[PDB]
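Data first, discussion second: the structure below is written as structure tokens.
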Protein chains: 4
Amino acid sequence: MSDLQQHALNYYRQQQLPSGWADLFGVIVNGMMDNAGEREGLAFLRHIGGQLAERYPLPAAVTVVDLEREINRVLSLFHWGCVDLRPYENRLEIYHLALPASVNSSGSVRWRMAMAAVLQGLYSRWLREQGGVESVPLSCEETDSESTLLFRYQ
Amino acid sequence: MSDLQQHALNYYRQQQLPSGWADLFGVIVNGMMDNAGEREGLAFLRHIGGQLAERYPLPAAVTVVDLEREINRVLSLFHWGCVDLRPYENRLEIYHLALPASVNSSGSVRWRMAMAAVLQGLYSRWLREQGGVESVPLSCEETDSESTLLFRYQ
Amino acid sequence: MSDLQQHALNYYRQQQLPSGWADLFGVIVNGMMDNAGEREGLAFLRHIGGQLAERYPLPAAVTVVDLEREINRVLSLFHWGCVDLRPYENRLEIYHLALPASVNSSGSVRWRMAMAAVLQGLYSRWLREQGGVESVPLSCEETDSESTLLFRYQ
Amino acid sequence: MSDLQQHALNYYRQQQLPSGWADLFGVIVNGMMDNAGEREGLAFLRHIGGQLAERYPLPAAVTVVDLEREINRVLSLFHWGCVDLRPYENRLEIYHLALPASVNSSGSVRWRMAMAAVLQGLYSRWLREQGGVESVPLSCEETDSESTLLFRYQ
């Protein structure tokens, strides 16, 4: 690590979100969470994520590396970071890297929670349709770095 | 007119909205309008527009054309069309041109209404702060063309 | 027509070219045309267009509508306007619409000539590779509108 | 460091250059360097860099931090990395970070040399106009990291 690495990464993260639409989403989620509460907001955002997932159909793949390549292909259009797949004996581990940065210094955690909920719904629908098990959800998890999220599929 | 003009304008309007964020806003507004109703949805969207307007402060202008230039300067960053000012003896007409096109063939009117509400709130707050009258709202009006809106300030 | 149509089209054309790279290309072409002359500049730009065309391989199509769809798919990424195919008994007409606008008021014709040359080379290579005749070039032609070009394949 | 850092940085650098214009510049510089030689190509690239610098006038600053802020403001529009100023007793060091990545695996060094020349001309003109000394050029230097450059002003 060094100062130059910090400057480069900070500049890259700053150039990640486009003005106008992202701020509108931030205000919408802030207002809705202020109005209706936390649990209801999370459930609603998960439902919205599922509905958004329904619009984009992934082609039927056969191997996991096909899944990572296709998910990266779809996510590169939205500028929504990168994804890594790690298989295990009975688990699937989802690493999400380079999350869109927060837009307000006083509402970073709210934004992160909202984005995590939307992505959780998206991944849940995508994995359910491709041939997974419909009785198991995706568990969310924090990691030390701010710009990364962990997901577990059991 | 001609077919070439139609092709050019259609291609330009197609290249107007960025993928990902705009579709997310569309799903959010569709779900909220389906859930809470119409009047409450419009009121909430107007409030969101006001809050979004509060974030971007326009510099203090002195003439109407300066306001026109500043509003276009702010709107060119969002790709939210163009604006024209027409003053009168006691009225002010706001022409909004090249609105972001609809994303779904079955929800064009819903999208138009939502975008009109958000823009109405935005213009209301912007005009109120700069030195207008706080007891008069902005009246909305449709025009023959689908991509244009008329606003009246009395 | 109307004033509103002019405002909308002008704003759309203004939002067509990204800053930095396009201005760099403009300075490149102005300097090279000033240095080496006209005929050599056109020949060099045609060669560059062919070389650029070699990098992007269009999939093997079978009908003309497939060709226009593929060309539109490729050009939508560069923001290089739109293309229309018109077949005849022994001719093929290429209509190019919504050309990237000029960047300097004093060098509009130079920019248009350069862009026409590079597009002529690009289309020449694509049409030659897909199964056309290698002994016939693409003839350029000006049309009344400044933002449109005609190409003839005999 | 870790694998995740490499994935994030690689994805960010991949999303740095827009298609079409950048490839056109790459082909132009490759052809010109193949045709006219090395020294002449570098001289012409420096000249066009100065010409491009002439188009964008920096406001008259009074301190070095104003200069870094203004140069970053200008460069953020082109997506041309970031700049750091380090003053010394009689020297000035220009750190350029997050350079636009190479587009071809077989021409990375050619692209680096061309981009370095263009940036050298740009910085030379910019520093000359603002009140520097006209008899001293900017010396270029490479650093261990591929995506960073050092410039010396004596």
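Naming scheme: A, B, ... for chains in displayed order of the structure tokens; residues 1 onward per chain; ligands 1 onward as shown.
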
Would you superpose chain D on chain B, least squares on all C-alpha atoms in order, and hand back the fitted chain as a CSV table (one decimal) with N, CA and C atoms, in the first residue's frame?
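This went into selection12.csv:
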```csv
chain,number,residue,atom,x,y,z
D,1,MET,N,-41.1,16.9,-43.0
D,1,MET,CA,-40.6,15.7,-42.3
D,1,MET,C,-40.3,14.6,-43.4
D,2,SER,N,-39.8,13.5,-42.9
D,2,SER,CA,-39.4,12.4,-43.8
D,2,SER,C,-39.1,11.2,-42.9
D,3,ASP,N,-38.9,10.0,-43.5
D,3,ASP,CA,-38.5,8.9,-42.8
D,3,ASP,C,-37.1,9.1,-42.1
D,4,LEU,N,-36.2,9.8,-42.8
D,4,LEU,CA,-34.9,10.0,-42.2
D,4,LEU,C,-34.9,10.7,-40.9
D,5,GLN,N,-35.8,11.8,-40.8
D,5,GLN,CA,-35.9,12.5,-39.6
D,5,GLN,C,-36.4,11.6,-38.5
D,6,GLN,N,-37.4,10.7,-38.8
D,6,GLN,CA,-37.9,9.8,-37.8
D,6,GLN,C,-36.8,8.9,-37.3
D,7,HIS,N,-36.0,8.3,-38.2
D,7,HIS,CA,-34.9,7.4,-37.8
D,7,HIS,C,-33.9,8.1,-36.9
D,8,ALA,N,-33.5,9.4,-37.3
D,8,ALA,CA,-32.5,10.1,-36.5
D,8,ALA,C,-33.1,10.4,-35.1
D,9,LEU,N,-34.3,10.9,-35.1
D,9,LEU,CA,-34.8,11.3,-33.8
D,9,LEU,C,-35.0,10.1,-32.9
D,10,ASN,N,-35.5,9.0,-33.5
D,10,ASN,CA,-35.7,7.7,-32.7
D,10,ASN,C,-34.4,7.2,-32.1
D,11,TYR,N,-33.3,7.2,-33.0
D,11,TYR,CA,-32.0,6.7,-32.5
D,11,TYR,C,-31.5,7.6,-31.4
D,12,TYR,N,-31.6,9.0,-31.5
D,12,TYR,CA,-31.2,9.9,-30.5
D,12,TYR,C,-31.9,9.6,-29.2
D,13,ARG,N,-33.2,9.5,-29.3
D,13,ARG,CA,-34.0,9.2,-28.0
D,13,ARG,C,-33.7,7.8,-27.4
D,14,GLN,N,-33.3,6.9,-28.3
D,14,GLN,CA,-32.9,5.6,-27.7
D,14,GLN,C,-31.6,5.7,-27.0
D,15,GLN,N,-30.7,6.5,-27.5
D,15,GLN,CA,-29.4,6.7,-26.8
D,15,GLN,C,-29.5,7.6,-25.6
D,16,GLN,N,-30.7,8.0,-25.1
D,16,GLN,CA,-30.9,9.0,-24.0
D,16,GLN,C,-30.8,8.3,-22.6
D,17,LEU,N,-31.3,7.2,-22.4
D,17,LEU,CA,-31.4,6.7,-21.1
D,17,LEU,C,-30.3,5.7,-20.8
D,18,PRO,N,-29.5,5.8,-19.7
D,18,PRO,CA,-28.6,4.8,-19.4
D,18,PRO,C,-29.2,3.6,-18.7
D,19,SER,N,-28.7,2.4,-19.0
D,19,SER,CA,-29.3,1.2,-18.5
D,19,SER,C,-28.9,1.0,-17.0
D,20,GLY,N,-29.7,0.2,-16.3
D,20,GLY,CA,-29.5,0.0,-14.9
D,20,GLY,C,-30.2,0.9,-13.9
D,21,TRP,N,-29.8,2.1,-13.9
D,21,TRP,CA,-30.4,3.1,-12.9
D,21,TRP,C,-31.8,3.4,-13.3
D,22,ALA,N,-32.0,3.7,-14.6
D,22,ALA,CA,-33.3,4.2,-15.1
D,22,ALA,C,-34.3,3.1,-15.0
D,23,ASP,N,-34.0,1.8,-15.3
D,23,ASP,CA,-34.9,0.7,-15.1
D,23,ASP,C,-35.2,0.5,-13.7
D,24,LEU,N,-34.2,0.7,-12.8
D,24,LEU,CA,-34.5,0.6,-11.3
D,24,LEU,C,-35.5,1.6,-10.9
D,25,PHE,N,-35.4,2.9,-11.4
D,25,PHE,CA,-36.3,3.9,-11.0
D,25,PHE,C,-37.7,3.5,-11.6
D,26,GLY,N,-37.8,3.0,-12.8
D,26,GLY,CA,-39.1,2.6,-13.3
D,26,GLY,C,-39.7,1.5,-12.5
D,27,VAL,N,-39.0,0.5,-12.1
D,27,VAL,CA,-39.6,-0.5,-11.3
D,27,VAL,C,-40.0,0.0,-9.9
D,28,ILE,N,-39.2,0.9,-9.3
D,28,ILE,CA,-39.6,1.5,-8.0
D,28,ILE,C,-40.9,2.2,-8.1
D,29,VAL,N,-41.0,3.1,-9.2
D,29,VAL,CA,-42.2,3.9,-9.3
D,29,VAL,C,-43.4,3.0,-9.6
D,30,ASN,N,-43.3,2.0,-10.5
D,30,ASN,CA,-44.4,1.1,-10.8
D,30,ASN,C,-44.8,0.4,-9.5
D,31,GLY,N,-43.9,-0.2,-8.7
D,31,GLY,CA,-44.3,-0.9,-7.5
D,31,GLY,C,-45.0,0.1,-6.5
D,32,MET,N,-44.4,1.3,-6.3
D,32,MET,CA,-45.0,2.2,-5.3
D,32,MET,C,-46.4,2.6,-5.7
D,33,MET,N,-46.6,2.9,-7.0
D,33,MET,CA,-47.9,3.3,-7.5
D,33,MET,C,-48.9,2.2,-7.4
D,34,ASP,N,-48.4,1.0,-7.6
D,34,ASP,CA,-49.3,-0.2,-7.5
D,34,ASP,C,-49.7,-0.4,-6.0
D,35,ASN,N,-48.8,-0.1,-5.1
D,35,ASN,CA,-49.0,-0.3,-3.7
D,35,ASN,C,-49.9,0.7,-3.0
D,36,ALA,N,-49.4,2.0,-3.1
D,36,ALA,CA,-50.0,3.0,-2.2
D,36,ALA,C,-51.1,3.9,-2.9
D,37,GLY,N,-51.3,3.7,-4.2
D,37,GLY,CA,-52.3,4.5,-4.9
D,37,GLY,C,-51.7,5.6,-5.8
D,38,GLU,N,-52.6,6.4,-6.3
D,38,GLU,CA,-52.2,7.4,-7.2
D,38,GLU,C,-51.8,8.8,-6.5
D,39,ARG,N,-52.8,9.3,-5.8
D,39,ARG,CA,-52.6,10.6,-5.2
D,39,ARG,C,-51.4,10.7,-4.3
D,40,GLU,N,-51.3,9.6,-3.4
D,40,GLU,CA,-50.2,9.5,-2.5
D,40,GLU,C,-48.9,9.4,-3.3
D,41,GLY,N,-48.8,8.6,-4.3
D,41,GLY,CA,-47.6,8.5,-5.1
D,41,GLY,C,-47.2,9.8,-5.7
D,42,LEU,N,-48.2,10.6,-6.3
D,42,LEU,CA,-47.8,11.9,-6.8
D,42,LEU,C,-47.3,12.8,-5.7
D,43,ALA,N,-47.9,12.8,-4.6
D,43,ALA,CA,-47.5,13.7,-3.5
D,43,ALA,C,-46.1,13.3,-3.0
D,44,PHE,N,-45.8,12.0,-2.9
D,44,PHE,CA,-44.4,11.6,-2.5
D,44,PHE,C,-43.4,11.9,-3.6
D,45,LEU,N,-43.8,11.8,-4.8
D,45,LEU,CA,-42.8,12.2,-5.9
D,45,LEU,C,-42.6,13.6,-5.9
D,46,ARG,N,-43.6,14.5,-5.7
D,46,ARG,CA,-43.3,15.9,-5.6
D,46,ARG,C,-42.4,16.2,-4.4
D,47,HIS,N,-42.6,15.6,-3.3
D,47,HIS,CA,-41.8,15.8,-2.1
D,47,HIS,C,-40.3,15.4,-2.4
D,48,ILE,N,-40.1,14.3,-3.0
D,48,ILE,CA,-38.7,13.9,-3.2
D,48,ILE,C,-38.1,14.8,-4.3
D,49,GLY,N,-38.9,15.3,-5.2
D,49,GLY,CA,-38.4,16.3,-6.2
D,49,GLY,C,-37.9,17.5,-5.5
D,50,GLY,N,-38.7,18.0,-4.5
D,50,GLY,CA,-38.3,19.2,-3.8
D,50,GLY,C,-37.0,18.9,-3.0
D,51,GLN,N,-36.9,17.7,-2.4
D,51,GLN,CA,-35.7,17.3,-1.6
D,51,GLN,C,-34.5,17.3,-2.5
D,52,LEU,N,-34.6,16.7,-3.7
D,52,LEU,CA,-33.5,16.7,-4.7
D,52,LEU,C,-33.1,18.1,-5.1
D,53,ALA,N,-34.1,18.9,-5.3
D,53,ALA,CA,-33.8,20.3,-5.7
D,53,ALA,C,-33.0,21.0,-4.6
D,54,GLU,N,-33.3,20.7,-3.3
D,54,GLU,CA,-32.6,21.3,-2.2
D,54,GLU,C,-31.1,21.0,-2.3
D,55,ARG,N,-30.7,19.9,-2.9
D,55,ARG,CA,-29.3,19.5,-2.9
D,55,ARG,C,-28.5,20.4,-3.9
D,56,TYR,N,-29.0,20.8,-5.0
D,56,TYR,CA,-28.3,21.5,-6.0
D,56,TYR,C,-28.7,23.0,-5.9
D,57,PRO,N,-27.9,23.9,-5.4
D,57,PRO,CA,-28.3,25.3,-5.3
D,57,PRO,C,-27.9,26.1,-6.6
D,58,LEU,N,-28.9,26.8,-7.2
D,58,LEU,CA,-28.6,27.6,-8.3
D,58,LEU,C,-28.0,28.9,-7.8
D,59,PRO,N,-27.0,29.4,-8.6
D,59,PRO,CA,-26.5,30.8,-8.2
D,59,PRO,C,-27.5,31.8,-8.4
D,60,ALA,N,-27.4,32.9,-7.7
D,60,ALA,CA,-28.3,34.0,-7.7
D,60,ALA,C,-28.2,34.7,-9.0
D,61,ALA,N,-29.3,34.6,-9.8
D,61,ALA,CA,-29.3,35.3,-11.1
D,61,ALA,C,-30.1,36.6,-11.0
D,62,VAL,N,-30.0,37.4,-12.1
D,62,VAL,CA,-30.7,38.7,-12.2
D,62,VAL,C,-31.6,38.8,-13.3
D,63,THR,N,-31.5,38.1,-14.4
D,63,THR,CA,-32.4,38.2,-15.5
D,63,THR,C,-32.9,36.8,-15.9
D,64,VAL,N,-33.9,36.7,-16.7
D,64,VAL,CA,-34.5,35.4,-17.1
D,64,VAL,C,-33.6,34.6,-18.0
D,65,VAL,N,-32.8,35.2,-18.9
D,65,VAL,CA,-31.9,34.5,-19.7
D,65,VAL,C,-30.8,33.9,-18.9
D,66,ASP,N,-30.4,34.5,-17.8
D,66,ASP,CA,-29.4,33.9,-16.9
D,66,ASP,C,-30.1,32.6,-16.3
D,67,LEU,N,-31.4,32.7,-16.0
D,67,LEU,CA,-32.0,31.5,-15.4
D,67,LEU,C,-32.1,30.4,-16.4
D,68,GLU,N,-32.5,30.6,-17.7
D,68,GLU,CA,-32.5,29.6,-18.7
D,68,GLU,C,-31.1,29.0,-18.9
D,69,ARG,N,-30.1,29.8,-19.0
D,69,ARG,CA,-28.8,29.3,-19.2
D,69,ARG,C,-28.3,28.4,-18.0
D,70,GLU,N,-28.6,28.8,-16.8
D,70,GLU,CA,-28.2,28.1,-15.6
D,70,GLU,C,-29.0,26.8,-15.5
D,71,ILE,N,-30.3,26.8,-15.7
D,71,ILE,CA,-31.1,25.6,-15.6
D,71,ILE,C,-30.6,24.6,-16.7
D,72,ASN,N,-30.3,25.1,-17.9
D,72,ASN,CA,-29.8,24.2,-18.9
D,72,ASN,C,-28.4,23.6,-18.5
D,73,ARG,N,-27.6,24.5,-17.9
D,73,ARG,CA,-26.3,24.0,-17.4
D,73,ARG,C,-26.5,22.8,-16.4
D,74,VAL,N,-27.5,23.0,-15.5
D,74,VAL,CA,-27.7,22.0,-14.5
D,74,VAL,C,-28.3,20.7,-15.1
D,75,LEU,N,-29.3,20.9,-16.0
D,75,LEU,CA,-30.0,19.8,-16.6
D,75,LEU,C,-29.1,19.0,-17.6
D,76,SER,N,-28.1,19.6,-18.2
D,76,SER,CA,-27.3,18.9,-19.2
D,76,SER,C,-26.5,17.8,-18.6
D,77,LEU,N,-26.2,17.9,-17.3
D,77,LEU,CA,-25.5,16.9,-16.6
D,77,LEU,C,-26.3,15.6,-16.4
D,78,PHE,N,-27.6,15.8,-16.2
D,78,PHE,CA,-28.5,14.6,-16.0
D,78,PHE,C,-29.0,14.0,-17.3
D,79,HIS,N,-28.8,14.7,-18.4
D,79,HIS,CA,-29.4,14.3,-19.7
D,79,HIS,C,-30.9,14.4,-19.7
D,80,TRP,N,-31.4,15.4,-18.9
D,80,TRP,CA,-32.8,15.6,-18.8
D,80,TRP,C,-33.3,16.7,-19.7
D,81,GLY,N,-33.2,16.5,-21.0
D,81,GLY,CA,-33.8,17.4,-22.0
D,81,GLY,C,-33.3,18.8,-21.9
D,82,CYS,N,-34.1,19.7,-22.4
D,82,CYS,CA,-33.8,21.1,-22.5
D,82,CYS,C,-35.0,21.9,-22.0
D,83,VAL,N,-34.8,23.2,-21.6
D,83,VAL,CA,-35.8,24.0,-21.1
D,83,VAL,C,-35.8,25.4,-21.8
D,84,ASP,N,-37.0,25.9,-22.0
D,84,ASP,CA,-37.2,27.2,-22.6
D,84,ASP,C,-38.1,28.1,-21.7
D,85,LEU,N,-37.7,29.3,-21.5
D,85,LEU,CA,-38.5,30.3,-20.7
D,85,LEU,C,-39.2,31.2,-21.7
D,86,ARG,N,-40.5,31.5,-21.4
D,86,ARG,CA,-41.2,32.5,-22.1
D,86,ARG,C,-42.0,33.4,-21.1
D,87,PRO,N,-41.5,34.6,-20.9
D,87,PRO,CA,-42.2,35.5,-19.9
D,87,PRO,C,-43.4,36.2,-20.6
D,88,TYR,N,-44.4,36.6,-19.8
D,88,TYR,CA,-45.6,37.3,-20.2
D,88,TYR,C,-45.8,38.4,-19.2
D,89,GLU,N,-47.0,39.1,-19.4
D,89,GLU,CA,-47.3,40.2,-18.5
D,89,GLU,C,-47.5,39.8,-17.1
D,90,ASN,N,-48.1,38.7,-16.8
D,90,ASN,CA,-48.2,38.2,-15.5
D,90,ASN,C,-48.0,36.7,-15.4
D,91,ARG,N,-47.5,36.0,-16.5
D,91,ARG,CA,-47.3,34.6,-16.5
D,91,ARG,C,-45.9,34.2,-16.9
D,92,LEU,N,-45.5,33.0,-16.6
D,92,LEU,CA,-44.2,32.5,-17.1
D,92,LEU,C,-44.5,31.0,-17.6
D,93,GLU,N,-44.1,30.8,-18.8
D,93,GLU,CA,-44.3,29.5,-19.4
D,93,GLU,C,-42.9,28.7,-19.5
D,94,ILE,N,-42.9,27.5,-19.1
D,94,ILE,CA,-41.8,26.6,-19.0
D,94,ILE,C,-42.0,25.5,-20.1
D,95,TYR,N,-41.2,25.6,-21.2
D,95,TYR,CA,-41.3,24.5,-22.2
D,95,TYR,C,-40.2,23.5,-21.9
D,96,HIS,N,-40.6,22.2,-21.7
D,96,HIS,CA,-39.6,21.2,-21.5
D,96,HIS,C,-39.6,20.3,-22.7
D,97,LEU,N,-38.5,20.2,-23.3
D,97,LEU,CA,-38.3,19.5,-24.6
D,97,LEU,C,-37.3,18.3,-24.4
D,98,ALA,N,-37.5,17.3,-25.3
D,98,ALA,CA,-36.7,16.1,-25.3
D,98,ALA,C,-36.6,15.4,-23.9
D,99,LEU,N,-37.8,15.1,-23.5
D,99,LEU,CA,-37.9,14.3,-22.2
D,99,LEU,C,-37.4,12.9,-22.4
D,100,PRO,N,-36.8,12.4,-21.3
D,100,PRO,CA,-36.3,11.0,-21.4
D,100,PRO,C,-37.4,10.0,-21.8
D,101,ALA,N,-37.2,9.2,-22.8
D,101,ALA,CA,-38.2,8.4,-23.4
D,101,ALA,C,-38.6,7.3,-22.4
D,102,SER,N,-39.8,6.7,-22.7
D,102,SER,CA,-40.3,5.6,-21.9
D,102,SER,C,-39.5,4.4,-22.2
D,103,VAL,N,-39.4,3.5,-21.2
D,103,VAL,CA,-38.6,2.3,-21.2
D,103,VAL,C,-39.5,1.0,-21.5
D,104,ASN,N,-40.8,1.1,-21.2
D,104,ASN,CA,-41.6,-0.1,-21.4
D,104,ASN,C,-42.8,0.4,-22.2
D,105,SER,N,-43.2,-0.4,-23.2
D,105,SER,CA,-44.3,-0.1,-24.1
D,105,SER,C,-45.7,-0.1,-23.4
D,106,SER,N,-45.8,-0.9,-22.2
D,106,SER,CA,-47.0,-1.0,-21.5
D,106,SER,C,-47.1,0.0,-20.3
D,107,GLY,N,-46.1,0.8,-20.1
D,107,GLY,CA,-46.1,1.8,-19.0
D,107,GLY,C,-45.6,3.1,-19.4
D,108,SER,N,-45.8,3.5,-20.6
D,108,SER,CA,-45.4,4.9,-21.1
D,108,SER,C,-46.1,6.0,-20.3
D,109,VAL,N,-47.4,5.8,-20.1
D,109,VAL,CA,-48.1,6.9,-19.4
D,109,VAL,C,-47.7,7.0,-17.9
D,110,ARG,N,-47.5,5.8,-17.3
D,110,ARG,CA,-47.0,5.9,-15.9
D,110,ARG,C,-45.7,6.6,-15.8
D,111,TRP,N,-44.8,6.2,-16.7
D,111,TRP,CA,-43.4,6.9,-16.7
D,111,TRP,C,-43.6,8.4,-16.9
D,112,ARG,N,-44.4,8.8,-17.9
D,112,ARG,CA,-44.6,10.2,-18.2
D,112,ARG,C,-45.2,10.9,-16.9
D,113,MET,N,-46.1,10.3,-16.3
D,113,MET,CA,-46.7,11.0,-15.1
D,113,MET,C,-45.7,11.1,-14.0
D,114,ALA,N,-44.9,10.0,-13.7
D,114,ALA,CA,-43.9,10.1,-12.7
D,114,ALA,C,-42.8,11.1,-13.0
D,115,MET,N,-42.3,11.2,-14.2
D,115,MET,CA,-41.3,12.1,-14.6
D,115,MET,C,-41.8,13.5,-14.5
D,116,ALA,N,-43.1,13.7,-14.9
D,116,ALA,CA,-43.7,15.1,-14.8
D,116,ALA,C,-43.8,15.5,-13.4
D,117,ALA,N,-44.2,14.6,-12.5
D,117,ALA,CA,-44.3,15.0,-11.1
D,117,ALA,C,-42.9,15.3,-10.5
D,118,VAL,N,-41.9,14.6,-10.8
D,118,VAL,CA,-40.6,14.9,-10.3
D,118,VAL,C,-40.1,16.2,-10.8
D,119,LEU,N,-40.3,16.5,-12.1
D,119,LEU,CA,-39.9,17.7,-12.6
D,119,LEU,C,-40.7,18.9,-12.1
D,120,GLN,N,-42.0,18.7,-11.8
D,120,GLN,CA,-42.8,19.7,-11.2
D,120,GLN,C,-42.3,20.1,-9.9
D,121,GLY,N,-41.9,19.1,-9.0
D,121,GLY,CA,-41.3,19.4,-7.7
D,121,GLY,C,-40.0,20.2,-7.9
D,122,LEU,N,-39.2,19.7,-8.8
D,122,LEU,CA,-37.9,20.3,-9.0
D,122,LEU,C,-38.0,21.8,-9.4
D,123,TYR,N,-38.8,22.1,-10.4
D,123,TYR,CA,-39.1,23.4,-10.8
D,123,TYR,C,-39.7,24.3,-9.8
D,124,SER,N,-40.7,23.7,-9.0
D,124,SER,CA,-41.3,24.5,-8.0
D,124,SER,C,-40.3,25.0,-6.9
D,125,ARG,N,-39.5,24.1,-6.4
D,125,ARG,CA,-38.5,24.5,-5.5
D,125,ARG,C,-37.5,25.5,-6.1
D,126,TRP,N,-37.0,25.2,-7.3
D,126,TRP,CA,-36.0,26.1,-7.9
D,126,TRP,C,-36.6,27.5,-8.1
D,127,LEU,N,-37.8,27.6,-8.6
D,127,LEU,CA,-38.4,28.9,-8.8
D,127,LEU,C,-38.8,29.6,-7.5
D,128,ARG,N,-39.2,28.8,-6.5
D,128,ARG,CA,-39.5,29.4,-5.2
D,128,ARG,C,-38.3,30.1,-4.5
D,129,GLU,N,-37.2,29.4,-4.6
D,129,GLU,CA,-36.0,29.9,-3.9
D,129,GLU,C,-35.5,31.2,-4.5
D,130,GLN,N,-35.5,31.3,-5.8
D,130,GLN,CA,-34.8,32.3,-6.5
D,130,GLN,C,-35.4,33.7,-6.4
D,131,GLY,N,-36.6,33.8,-5.8
D,131,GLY,CA,-37.3,35.1,-5.6
D,131,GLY,C,-38.7,35.2,-6.1
D,132,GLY,N,-39.3,34.0,-6.4
D,132,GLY,CA,-40.7,34.0,-6.9
D,132,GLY,C,-41.6,34.2,-5.7
D,133,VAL,N,-42.9,33.8,-5.9
D,133,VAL,CA,-43.9,33.9,-4.9
D,133,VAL,C,-44.2,32.5,-4.4
D,134,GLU,N,-44.3,32.4,-3.0
D,134,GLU,CA,-44.4,31.1,-2.4
D,134,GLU,C,-45.8,30.5,-2.3
D,135,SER,N,-46.8,31.3,-2.7
D,135,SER,CA,-48.2,30.9,-2.6
D,135,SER,C,-48.7,30.4,-4.0
D,136,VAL,N,-47.9,30.3,-5.0
D,136,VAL,CA,-48.4,29.9,-6.3
D,136,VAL,C,-47.6,28.7,-6.7
D,137,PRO,N,-48.3,27.6,-7.1
D,137,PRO,CA,-47.6,26.4,-7.6
D,137,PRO,C,-47.4,26.4,-9.1
D,138,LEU,N,-46.8,25.4,-9.6
D,138,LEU,CA,-46.6,25.2,-11.1
D,138,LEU,C,-47.6,24.3,-11.6
D,139,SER,N,-48.4,24.8,-12.6
D,139,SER,CA,-49.4,24.0,-13.2
D,139,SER,C,-48.8,23.2,-14.4
D,140,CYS,N,-49.2,21.9,-14.5
D,140,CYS,CA,-48.7,21.0,-15.5
D,140,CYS,C,-49.7,21.0,-16.7
D,141,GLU,N,-49.2,20.7,-17.9
D,141,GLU,CA,-50.0,20.6,-19.0
D,141,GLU,C,-49.3,19.8,-20.1
D,142,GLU,N,-50.0,18.9,-20.8
D,142,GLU,CA,-49.5,18.1,-21.9
D,142,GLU,C,-49.7,18.9,-23.2
D,143,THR,N,-48.8,18.6,-24.2
D,143,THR,CA,-48.9,19.2,-25.5
D,143,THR,C,-49.0,18.0,-26.5
D,144,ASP,N,-49.3,18.3,-27.8
D,144,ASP,CA,-49.5,17.3,-28.8
D,144,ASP,C,-48.4,16.4,-28.9
D,145,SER,N,-47.1,16.9,-29.0
D,145,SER,CA,-46.0,16.1,-29.0
D,145,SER,C,-45.8,15.3,-27.7
D,146,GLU,N,-45.4,14.0,-27.8
D,146,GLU,CA,-45.3,13.2,-26.6
D,146,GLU,C,-44.1,13.6,-25.7
D,147,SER,N,-43.0,14.1,-26.4
D,147,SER,CA,-41.7,14.4,-25.7
D,147,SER,C,-41.6,15.8,-25.1
D,148,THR,N,-42.7,16.5,-25.0
D,148,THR,CA,-42.7,17.9,-24.6
D,148,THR,C,-43.8,18.1,-23.5
D,149,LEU,N,-43.5,19.0,-22.6
D,149,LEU,CA,-44.4,19.4,-21.5
D,149,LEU,C,-44.4,20.9,-21.3
D,150,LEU,N,-45.6,21.4,-20.9
D,150,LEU,CA,-45.7,22.8,-20.6
D,150,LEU,C,-46.0,23.0,-19.2
D,151,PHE,N,-45.4,24.0,-18.6
D,151,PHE,CA,-45.6,24.4,-17.2
D,151,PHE,C,-46.0,25.9,-17.1
D,152,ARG,N,-46.9,26.2,-16.2
D,152,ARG,CA,-47.5,27.5,-16.1
D,152,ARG,C,-47.2,28.0,-14.7
D,153,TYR,N,-46.7,29.2,-14.6
D,153,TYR,CA,-46.4,29.9,-13.4
D,153,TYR,C,-47.2,31.3,-13.4
D,154,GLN,N,-48.2,31.3,-12.6
D,154,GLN,CA,-49.1,32.5,-12.5
D,154,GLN,C,-48.8,33.4,-11.3
```

Just asking: which residues within chain D are helix (DSSP H, G or I) according to DSSP, as a PyMOL selection string?
chain D and resi 3-14+21-36+39-55+64-78+108-130

Report as a count of residues only: the residues of region 12-151 of chain D with a DSSP assignment of strand (DSSP E or B), based on the backbone of this structure.
20
